[PDB]
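One file, target.pdb, is given below (PDB, C-alpha atoms).
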ATOM      1  CA  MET R   1     112.227  39.317 128.357  1.00  0.00           C
ATOM      2  CA  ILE R   2     109.356  40.857 126.390  1.00  0.00           C
ATOM      3  CA  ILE R   3     110.790  43.237 123.782  1.00  0.00           C
ATOM      4  CA  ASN R   4     107.794  43.515 121.441  1.00  0.00           C
ATOM      5  CA  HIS R   5     106.307  46.084 123.842  1.00  0.00           C
ATOM      6  CA  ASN R   6     107.728  48.382 126.523  1.00  0.00           C
ATOM      7  CA  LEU R   7     105.055  48.664 129.206  1.00  0.00           C
ATOM      8  CA  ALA R   8     107.211  50.655 131.635  1.00  0.00           C
ATOM      9  CA  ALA R   9     107.914  53.189 128.894  1.00  0.00           C
ATOM     10  CA  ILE R  10     104.195  53.280 128.052  1.00  0.00           C
ATOM     11  CA  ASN R  11     103.319  54.097 131.664  1.00  0.00           C
ATOM     12  CA  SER R  12     106.060  56.730 131.829  1.00  0.00           C
ATOM     13  CA  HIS R  13     104.804  58.335 128.614  1.00  0.00           C
ATOM     14  CA  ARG R  14     101.216  58.349 129.884  1.00  0.00           C
ATOM     15  CA  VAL R  15     102.069  60.012 133.191  1.00  0.00           C
ATOM     16  CA  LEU R  16     104.415  62.420 131.398  1.00  0.00           C
ATOM     17  CA  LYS R  17     101.716  63.564 128.972  1.00  0.00           C
ATOM     18  CA  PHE R  18      99.031  63.848 131.645  1.00  0.00           C
ATOM     19  CA  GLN R  19     101.343  66.009 133.734  1.00  0.00           C
ATOM     20  CA  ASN R  20     102.462  68.046 130.714  1.00  0.00           C
ATOM     21  CA  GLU R  21      98.847  69.021 130.074  1.00  0.00           C
ATOM     22  CA  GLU R  22      98.397  70.220 133.659  1.00  0.00           C
ATOM     23  CA  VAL R  23     101.704  72.103 133.665  1.00  0.00           C
ATOM     24  CA  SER R  24     100.468  73.823 130.497  1.00  0.00           C
ATOM     25  CA  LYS R  25      97.242  74.706 132.313  1.00  0.00           C
ATOM     26  CA  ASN R  26      99.224  76.090 135.260  1.00  0.00           C
ATOM     27  CA  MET R  27     101.426  78.095 132.881  1.00  0.00           C
ATOM     28  CA  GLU R  28      98.373  79.603 131.189  1.00  0.00           C
ATOM     29  CA  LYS R  29      96.927  80.452 134.610  1.00  0.00           C
ATOM     30  CA  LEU R  30     100.162  82.164 135.654  1.00  0.00           C
ATOM     31  CA  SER R  31     100.418  84.109 132.389  1.00  0.00           C
ATOM     32  CA  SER R  32      96.795  85.278 132.489  1.00  0.00           C
ATOM     33  CA  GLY R  33      96.879  86.203 136.185  1.00  0.00           C
ATOM     34  CA  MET R  34      93.458  84.747 137.063  1.00  0.00           C
ATOM     35  CA  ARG R  35      92.516  81.251 138.198  1.00  0.00           C
ATOM     36  CA  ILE R  36      89.299  81.083 136.130  1.00  0.00           C
ATOM     37  CA  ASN R  37      90.295  81.370 132.463  1.00  0.00           C
ATOM     38  CA  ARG R  38      88.598  78.598 130.464  1.00  0.00           C
ATOM     39  CA  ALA R  39      85.007  77.507 130.998  1.00  0.00           C
ATOM     40  CA  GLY R  40      84.649  74.375 133.097  1.00  0.00           C
ATOM     41  CA  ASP R  41      86.881  75.382 135.997  1.00  0.00           C
ATOM     42  CA  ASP R  42      84.593  76.625 138.790  1.00  0.00           C
ATOM     43  CA  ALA R  43      81.489  77.283 136.708  1.00  0.00           C
ATOM     44  CA  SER R  44      79.594  78.646 139.715  1.00  0.00           C
ATOM     45  CA  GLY R  45      82.523  80.891 140.611  1.00  0.00           C
ATOM     46  CA  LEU R  46      82.603  82.130 137.020  1.00  0.00           C
ATOM     47  CA  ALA R  47      78.886  82.941 137.160  1.00  0.00           C
ATOM     48  CA  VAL R  48      79.238  84.859 140.429  1.00  0.00           C
ATOM     49  CA  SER R  49      82.317  86.647 139.072  1.00  0.00           C
ATOM     50  CA  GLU R  50      80.380  87.730 135.982  1.00  0.00           C
ATOM     51  CA  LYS R  51      77.526  88.964 138.171  1.00  0.00           C
ATOM     52  CA  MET R  52      79.961  90.927 140.346  1.00  0.00           C
ATOM     53  CA  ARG R  53      81.634  92.425 137.265  1.00  0.00           C
ATOM     54  CA  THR R  54      78.221  93.563 136.047  1.00  0.00           C
ATOM     55  CA  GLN R  55      77.553  94.988 139.510  1.00  0.00           C
ATOM     56  CA  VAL R  56      80.838  96.920 139.688  1.00  0.00           C
ATOM     57  CA  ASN R  57      80.341  98.360 136.199  1.00  0.00           C
TER      58      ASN R  57
ATOM     59  CA  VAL N 114      64.666 115.548 156.690  1.00  0.00           C
ATOM     60  CA  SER N 115      62.212 113.904 154.283  1.00  0.00           C
ATOM     61  CA  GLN N 116      64.944 113.563 151.663  1.00  0.00           C
ATOM     62  CA  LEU N 117      67.239 111.966 154.245  1.00  0.00           C
ATOM     63  CA  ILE N 118      64.732 109.317 155.343  1.00  0.00           C
ATOM     64  CA  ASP N 119      63.997 108.700 151.654  1.00  0.00           C
ATOM     65  CA  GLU N 120      67.717 108.057 151.184  1.00  0.00           C
ATOM     66  CA  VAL N 121      67.789 105.803 154.259  1.00  0.00           C
ATOM     67  CA  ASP N 122      65.007 103.578 152.957  1.00  0.00           C
ATOM     68  CA  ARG N 123      66.655 103.664 149.522  1.00  0.00           C
ATOM     69  CA  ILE N 124      69.833 102.174 151.001  1.00  0.00           C
ATOM     70  CA  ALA N 125      67.747  99.702 152.998  1.00  0.00           C
ATOM     71  CA  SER N 126      65.812  98.444 149.962  1.00  0.00           C
ATOM     72  CA  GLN N 127      68.660  98.687 147.420  1.00  0.00           C
ATOM     73  CA  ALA N 128      71.708  97.261 149.216  1.00  0.00           C
ATOM     74  CA  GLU N 129      72.739  94.054 147.473  1.00  0.00           C
ATOM     75  CA  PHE N 130      75.731  91.706 147.579  1.00  0.00           C
ATOM     76  CA  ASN N 131      75.027  88.802 145.187  1.00  0.00           C
ATOM     77  CA  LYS N 132      71.596  89.706 143.783  1.00  0.00           C
ATOM     78  CA  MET N 133      70.217  89.216 147.305  1.00  0.00           C
ATOM     79  CA  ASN N 134      68.958  91.910 149.670  1.00  0.00           C
ATOM     80  CA  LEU N 135      70.643  92.159 153.070  1.00  0.00           C
ATOM     81  CA  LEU N 136      69.157  95.080 155.021  1.00  0.00           C
ATOM     82  CA  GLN N 137      65.530  94.276 154.143  1.00  0.00           C
ATOM     83  CA  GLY N 138      65.312  91.700 156.930  1.00  0.00           C
ATOM     84  CA  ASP N 139      65.612  88.350 155.174  1.00  0.00           C
ATOM     85  CA  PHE N 140      68.271  87.169 157.663  1.00  0.00           C
ATOM     86  CA  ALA N 141      66.916  88.573 160.931  1.00  0.00           C
ATOM     87  CA  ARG N 142      66.557  86.592 164.153  1.00  0.00           C
ATOM     88  CA  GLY N 143      62.886  85.913 163.445  1.00  0.00           C
ATOM     89  CA  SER N 144      63.350  85.761 159.682  1.00  0.00           C
ATOM     90  CA  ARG N 145      60.268  84.078 158.227  1.00  0.00           C
ATOM     91  CA  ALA N 146      61.695  84.280 154.693  1.00  0.00           C
ATOM     92  CA  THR N 147      65.056  82.495 154.746  1.00  0.00           C
ATOM     93  CA  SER N 148      68.205  81.740 156.726  1.00  0.00           C
ATOM     94  CA  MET N 149      71.800  81.867 155.506  1.00  0.00           C
ATOM     95  CA  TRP N 150      74.826  79.936 156.750  1.00  0.00           C
ATOM     96  CA  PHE N 151      78.596  80.163 156.297  1.00  0.00           C
ATOM     97  CA  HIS N 152      80.018  76.692 155.669  1.00  0.00           C
ATOM     98  CA  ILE N 153      83.479  77.169 157.177  1.00  0.00           C
ATOM     99  CA  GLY N 154      84.542  73.550 157.525  1.00  0.00           C
ATOM    100  CA  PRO N 155      85.546  70.526 155.442  1.00  0.00           C
ATOM    101  CA  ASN N 156      82.889  68.215 156.933  1.00  0.00           C
ATOM    102  CA  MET N 157      79.136  67.671 156.812  1.00  0.00           C
ATOM    103  CA  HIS N 158      77.889  69.952 159.602  1.00  0.00           C
ATOM    104  CA  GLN N 159      80.823  72.339 160.182  1.00  0.00           C
ATOM    105  CA  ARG N 160      78.874  75.544 159.560  1.00  0.00           C
ATOM    106  CA  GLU N 161      77.787  78.727 161.318  1.00  0.00           C
ATOM    107  CA  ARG N 162      74.927  81.217 161.112  1.00  0.00           C
ATOM    108  CA  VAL N 163      75.013  85.020 160.873  1.00  0.00           C
ATOM    109  CA  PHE N 164      72.115  87.374 161.639  1.00  0.00           C
ATOM    110  CA  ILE N 165      71.395  90.641 159.812  1.00  0.00           C
ATOM    111  CA  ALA N 166      68.509  92.538 161.385  1.00  0.00           C
ATOM    112  CA  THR N 167      66.042  94.853 159.674  1.00  0.00           C
ATOM    113  CA  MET N 168      67.500  98.252 158.780  1.00  0.00           C
ATOM    114  CA  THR N 169      64.562  99.885 156.992  1.00  0.00           C
TER     115      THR N 169
END

Please, can you express the file's structure as structure tokens?
Amino acid sequence: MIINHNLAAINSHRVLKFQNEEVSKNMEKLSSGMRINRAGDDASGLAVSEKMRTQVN
Amino acid sequence: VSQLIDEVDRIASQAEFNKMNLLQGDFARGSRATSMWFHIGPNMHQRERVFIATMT
């Protein structure tokens, strides 16, 4: 049995961290109340939203 | 009466949804300018067309 490295634990840690980051993103989305918060998510939607905000003002 | 037709053409030439004019006639049946479609499907050609006639 290979004990110098724990590949199963490495895979578990990787999936755990890459789901922790997305749960953090979902938490920030829930706290802010809008789906488009940080640039990168739906850039076109962000542009149209900015144009509509200008229009409503 | 003149003021009211002035207002009518003002609405016709100033109505705007997304920095595009709607009542001018750019989406009429014989629209020589452009045509607009509503992609309402998850596939390549699942779309539909809507006509907005001239309202000037």

Worksheet item: Selected by the PyMOL selection byres ((chain N and resi 142-152) around 8) in the shown coordinates: which residues, as a PyMOL selection string?
Response: chain N and resi 138-141+153-154+159-166

Item to complete: Compile the residues of chain R that lie within 9 Å of chain N, evaluated using all atoms listed in the file, and express the compilation as a count of residues only.
Response: 4

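Reported to one decimal place, the separation of atom CA of residue 134 of chain N from atom CA of residue 114 of chain N is 25.0 Å.
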
Fill in: Distance of atom CA of residue 117 of chain N from atom CA of residue 168 of chain N, expressed in Å to one decimal place
14.4 Å

Extending 5 Å beyond the listed atoms of segment 34-52 of chain R on each side, what axis-aligned box results? I want centre and edge lengths in Å to one decimal, as AutoDock Vina command-line options.
--center_x 85.5 --center_y 82.7 --center_z 135.5 --size_x 25.9 --size_y 26.6 --size_z 20.1

Worksheet item: By how many Å are atom CA of residue 22 of chain R and atom CA of residue 49 of chain R apart?
Response: 23.6 Å

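Excluding residue 34 of chain R and any residue on its chain fewer than 6 positions from it, the residues at most 12 Å away by only C-alpha atoms are residues 25, 26, 27, 28, 41, 46 and 49 of chain R.
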